[PDB]
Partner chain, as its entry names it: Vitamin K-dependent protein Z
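First, one chain by itself: the form deposited without its partner chain, in structure tokens.
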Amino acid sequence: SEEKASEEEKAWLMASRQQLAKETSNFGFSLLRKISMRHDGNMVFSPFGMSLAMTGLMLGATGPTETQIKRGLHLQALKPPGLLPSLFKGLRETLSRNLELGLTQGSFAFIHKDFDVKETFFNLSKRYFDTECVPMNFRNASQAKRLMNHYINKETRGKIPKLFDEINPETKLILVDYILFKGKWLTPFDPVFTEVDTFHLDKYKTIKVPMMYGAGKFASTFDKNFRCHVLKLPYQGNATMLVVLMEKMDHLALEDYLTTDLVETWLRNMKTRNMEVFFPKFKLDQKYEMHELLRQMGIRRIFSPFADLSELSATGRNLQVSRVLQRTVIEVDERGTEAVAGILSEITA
């Protein structure tokens, strides 16, 4: 009947969305791995937001330029058309159903003087990301910097006031995607019990830090192979923070073994018990030039003189991505967590 064709399609959408979530997590773990090779110390970024940024590029490329991006994001094929819109519609729904989540995302397209964008790409960007177009003069670099930093400061609500540092005058288009997460703990820590405590930087050195304290039902498990505790710190709106604490000072570096299956194994072995939790407050602010990193993930041609972005522009040929920068700030607190990521892509002539 009419249900038959739509009932099969819902099963497929349900399957495809699980596949996309899994692929985004693994994409994230790949990045964490690449990033860690250069940066010791604290790190934070948004896999979801990073892969939205890249899929934004991808729709716009063709040939080896496009297919290299699909591989880098782990975006494997699906079953048998024209059902990509339904997949994005389904993702928005899922991220919109729970009004307590506190998650907003958005997208900008900053465009150079009279550089005409193809119509089908403009449309899709609004349909999939609700992209907002703003004319620009990147030749007048100092002026464009101030104007773009105003827009990102507005939308990130003051937490990333200066995303842009230097402006390449040969820039024809830059795509910015942002993600804002205002999470409230499902049971907040009472700041009356926050105390100064000893944190171990390594086997020899220590430092004193504010430790928040909660006592009650928490979900956790102990992986005996990696010798680590995993703990769920739930938010309102059906989000959660997984915390992974290694028992011994790096030894078996988790980064290199981290996969969707390992996390699924932990989530399966969780048990809930009355327990006491000490957990430190922290702010992070990190900034990563993704260009060379993405190149290591096999996304090459988009950055080369032979980049094919002919779905982004009809005529324009000598176009390429020169820079992909990601800036992420997080603040963990007695009330919850507030995390903002901004991601920009410099398209150059």
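Residue numbers count along the first chain shown, from 1. Rigid core (definition): largest C-alpha set, two forms, superposition within 1.5 Å.
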Between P80 and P81, the number of deposited residues left without coordinates comes to 1 to 3
Absent coordinates between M249 and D250 - deposited residues affected, binned into four classes: 1 to 3
Averaging only over Cα atoms, indicate whether 208-216 or 68-76 has the higher B-factor in the PDB entry. 68-76
Between 127-135 and 173-181, which has the larger average Cα B-factor in the PDB entry? 127-135
Among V243, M148, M275, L95, which residue carries the highest C-alpha B-factor recorded in the PDB entry? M148
Would you mind checking which of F199, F115, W266, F189 has the top Cα temperature factor in the PDB entry? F115
Chain third (lowest, middle, highest) by recorded CA B-factor, residue given as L319: highest
Using only modelled residues of the chain, where does the Cα B factor of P305 rank: lowest third, middle third or highest third? highest
Comparing against every modelled residue in the chain, figure out the third that the C-alpha B-factor of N153 lands in (lowest, middle or highest). highest
Chain-wide C-alpha B factor ranking for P161, given as lowest, middle or highest third: highest
Of the three thirds of Cα B-factor ranks in this chain, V340 occupies the lowest
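Not on display, but discussed next: the form deposited with its partner chain bound.
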Counting any non-hydrogen atom inside 4.5 Å, which residue from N318, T62, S322, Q296 sits next to its partner chain in the bound PDB entry? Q296
Contact residue in the bound PDB entry, from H200, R157, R139, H150 (heavy atom within 4.5 Å of its partner chain): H200
Going by a heavy atom distance of 4.5 Å, is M37 a contact of its partner chain in the bound PDB entry? yes
Does at least one non-hydrogen atom of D250 fall within 4.5 angstroms of its partner chain in the bound PDB entry? yes
Taking the shortest heavy atom distance, is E100 within 4.5 Å of its partner chain in the bound PDB entry? no
Going by a heavy atom distance of 4.5 Å, is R300 a contact of its partner chain in the bound PDB entry? yes
State yes only if every one of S107, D130 and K184 has a non-hydrogen atom within 4.5 Å of its partner chain in the bound PDB entry; otherwise state no. no
Within 4.5 Å of its partner chain in the bound PDB entry, counting heavy atoms only, one of 131-139, 201-209, 118-126, 158-166 shows up; tell me which. 201-209
Pick out the residues of 210-234 whose heavy atoms come within 4.5 Å of its partner chain in the bound PDB entry. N225, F226
Which one of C133, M275, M270, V243, by Cα shift of 2 Å or more between this form and the one not shown, core superposed: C133
Could you tell me whether the Cα atom of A21 shifts by at least 2 Å between this form and the one not shown after core superposition? no
How about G102 - superposed on the rigid core, does its CA move between this form and the one not shown by 2 Å or more? yes
When the rigid core is used for the superposition, does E338 move between this form and the one not shown (threshold: C-alpha shift of 2 Å or more)? yes
Closer or farther: how do the Cα atoms of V324 and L175 compare in the bound PDB entry relative to this form, given a change of at least 3 Å? closer
Evidently the Cα separation of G336 and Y288 changes by 3 Å or more in the bound PDB entry, so the atoms lie farther
